[PDB]
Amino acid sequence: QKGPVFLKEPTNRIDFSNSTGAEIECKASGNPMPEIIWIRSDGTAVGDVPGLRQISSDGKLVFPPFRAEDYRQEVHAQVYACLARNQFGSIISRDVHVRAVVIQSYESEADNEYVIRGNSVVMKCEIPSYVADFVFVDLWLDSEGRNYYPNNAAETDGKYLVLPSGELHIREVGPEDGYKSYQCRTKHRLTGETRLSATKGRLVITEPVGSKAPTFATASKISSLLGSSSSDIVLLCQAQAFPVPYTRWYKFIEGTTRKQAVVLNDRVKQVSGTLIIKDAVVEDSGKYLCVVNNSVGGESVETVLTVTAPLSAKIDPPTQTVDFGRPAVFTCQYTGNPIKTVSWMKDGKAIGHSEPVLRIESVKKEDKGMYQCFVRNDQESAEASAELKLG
């Protein structure tokens, strides 16, 4: 009577510690009631692995907590999927990427910053790369016991500002800021446990002798970063000079040398030399230029920004009934950036068609069933289902 439709579809990424474990739930409607079958991305069904992987009584895929020595890649590092099958047909859920992580101790270091008097600075929380995925800055702390907290930047005024990217920004540092030592608290997403940095960083304020031209922390005149739509993005410009330089941001026109001055508003803001883009959208993508001038001279560093958007898929029509021999057409309406590939499936099998529109010119008894459109990134996947009825 009716094909399967996912009511609750597992997320693309499931990350958990070996201590917590995880349980993945998948549910779908239909008439008759579809059966839920957990599978790998390649389509094979998954069974119980003692102490490691279990199919629950309610149809949930479970990974109970386990010893680090019991780690298996075939289970814990595997990409899974949910299969909802019916007499009418079957559908496959978007890729479920399971990563079980054995929790391993780490140390964060707060770096010192050597500053020319009057220039603004940004303090970094150094996080070892192996925990870099699961660890972020909780807050900043100083020797006198003052707390600086992360905020979506509604108000950029004030001396100390914690950037959305986790660094601690400080306006116009004088000698009076040199008596403080700064420390950063890190938070682990999986364990929820907090840890202070092993090393306290502190500002070294050097009084300017003579004049100095703009000088960046690095000699690299170009870089890039990735960002999410609807998330607050930070473009850093790190330069020190005396007399204190002024910074302006420009945006190049696509495939052109020409560029426009970035317009600053209640969403796009500039804190000293740093640029913050709140509530980012895909169109913010492009090539940006930071220009730093002072009386003695000037420099320019470049940045390439790419703003990602979540993948979504919709098939028009959701349902259609065609007669034997007549054409049947499916149009996949998808969104999100970037898009690497489009692909189609029928009742859980690759149809070998990469175009957003799928058309069966002469329909047979075989073609009846559920159809799916799959859009994917390296990072992501999305799925939409549609049903085809005969007569």
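A residue's number is simply how far along the shown sequence it sits, counting from 1.
The PDB entry reports B-factors from which the mean C-alpha value can be compared for 91-99 and 174-182; the larger average falls on 174-182. Averaged over Cα atoms, the B-factor as recorded in the entry is higher for 197-205 than for the other of 197-205 and 310-318.
Of the candidates 225, 77, 289, 116, the one whose C-alpha carries the top B factor in the deposited record is 116.
The top Cα temperature factor in the record, among 39, 52, 55, 358, falls on 358.
Split the chain's modelled residues into thirds by C-alpha temperature factor. Residue 126 is in the highest one. Looking at the C-alpha B-factors along this chain, the one for residue 62 belongs to the lowest third.
Ranked by Cα temperature factor within the chain, residue 390 sits in the highest third according to the deposited record. For residue 166, the recorded CA B-factor ranks within the middle third of the chain. Only modelled residues enter the ranking. The PDB entry assigns residue 257 a C-alpha temperature factor belonging to the highest third of its chain's modelled residues.
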